[PDB]
Amino acid sequence: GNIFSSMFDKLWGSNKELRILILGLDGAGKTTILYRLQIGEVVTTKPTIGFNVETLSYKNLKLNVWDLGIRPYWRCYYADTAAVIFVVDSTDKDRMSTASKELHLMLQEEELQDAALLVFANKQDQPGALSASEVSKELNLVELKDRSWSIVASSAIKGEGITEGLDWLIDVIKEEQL
Ligand SMILES: Nc1nc2c(ncn2[C@@H]2O[C@H](COP(=O)(O)OP(=O)(O)O)[C@@H](O)[C@H]2O)c(=O)[nH]1
């Protein structure tokens with residue numbers, strides 16, 4: 001998993017530890033992506049009640065993953081947050097609506113004013129999974145303005161799309177830090 005680490009090494013130098021949030025409705029495959037990286041160490045914690053955050057800590061970076069569906073206990077992480085990776089299950093046209101909501105509430109927070117966005121149209125390997133562009137529409141990512149965003153089709157399970165996406169993200173984050 002060192003290619004991933006080499007990629008994240010490009011964020012070394014930031015004058016403050018950087019934070020990335022992997023979010024989305026449960027089942028979207030966030031955890032999978034997190035474990036996909038195979039770098040640093042991951043530890044689960046329950047800061048508040050009925051709330052569990054999985055945190056991957058890698059030399060100067062923090063990756064936090066928790067399910068959506070906006071209790072203020074979270075506002076705690078938006079401070080140093082550099083970007084959010086929004087994982088969407090492409091084979092769930094139902095909750096697709098809910099997600100779009102949860103995503104905008106999130107992206108509507110003041111501290112995430114500059115966070116870059118990477119959306120993962122995940123589970124593309126599954127039968128009946130909306131295309132990437134189909135999700136960019138269902139989330140109105142088009143309507144989003146004054147913000148670095150991008151969507152990518154993915155099969156976290158087979159690790160398809162993950163690297164291509166993170167690659168993009170990291171560069172944006174790095175740039176923005178400059
Ligand atoms: N086929 C397929 N299964 C996936 C994908 N991403 C996640 N899964 C499966 O979906 C289930 C939920 O994924 P997980 O990452 O644990 O969900 P979350 O962290 O709650 O969003 C797991 O059993 C995964 O193996 C994907 O892209 N394709």
# chains A, B, ... in the order shown; residues from 1 in each chain; ligands from 1
$ residues_near_ligand --ligand "ligand 1" --cutoff "10 Å" --atoms "only C-alpha atoms and all ligand atoms" --output "JSON, numbers by chain"
{"A": [22, 23, 24, 25, 26, 27, 28, 29, 30, 31, 32, 33, 34, 35, 36, 54, 65, 66, 67, 68, 86, 87, 88, 89, 90, 91, 120, 121, 122, 123, 124, 125, 126, 127, 129, 153, 154, 155, 156, 157, 158, 159, 160, 161, 162]}
$ residues_around --residues "residue A:57" --least-positions-apart "6" --cutoff "9 Å" --atoms "only C-alpha atoms" --output "MDAnalysis selection string"
chainID A and resid 39:43 63:64
$ atom_distance --atom1 "atom CA of residue A:74" --atom2 "atom CA of residue A:178"
26.6 Å
$ atom_distance --atom1 "atom CA of residue A:148" --atom2 "atom CA of residue A:83"
9.1 Å
$ closest_residue --among "A:80, A:109, A:175, A:94" --to "residue A:138" --atoms "only C-alpha atoms"
A:94
$ closest_residue --among "A:144, A:20, A:166, A:139" --to "residue A:100" --atoms "only C-alpha atoms"
A:139
$ select_by_dssp --residues "chain A" --states "strand (DSSP E)" --output "ChimeraX atom specification"
/A:18-25,41-45,53-58,61-68,81-89,116-122,149-154
$ residues_around --residues "residue A:10" --least-positions-apart "6" --cutoff "10 Å" --atoms "only C-alpha atoms" --output "PyMOL selection string"
chain A and resi 170-171+173-174
$ atom_distance --atom1 "atom CA of residue A:59" --atom2 "atom CA of residue A:13"
10.7 Å
$ select_by_dssp --residues "stretch 39-168 of chain A" --states "alpha helix (DSSP H)" --output "list in words"
residues 96, 97, 98, 99, 100, 101, 102, 103, 104, 105, 106, 132, 133, 134, 135, 136, 137, 138, 162, 163, 164, 165, 166, 167 and 168 of chain A
$ closest_residue --among "A:113, A:97, A:47, A:58" --to "residue A:73" --atoms "only C-alpha atoms"
A:47
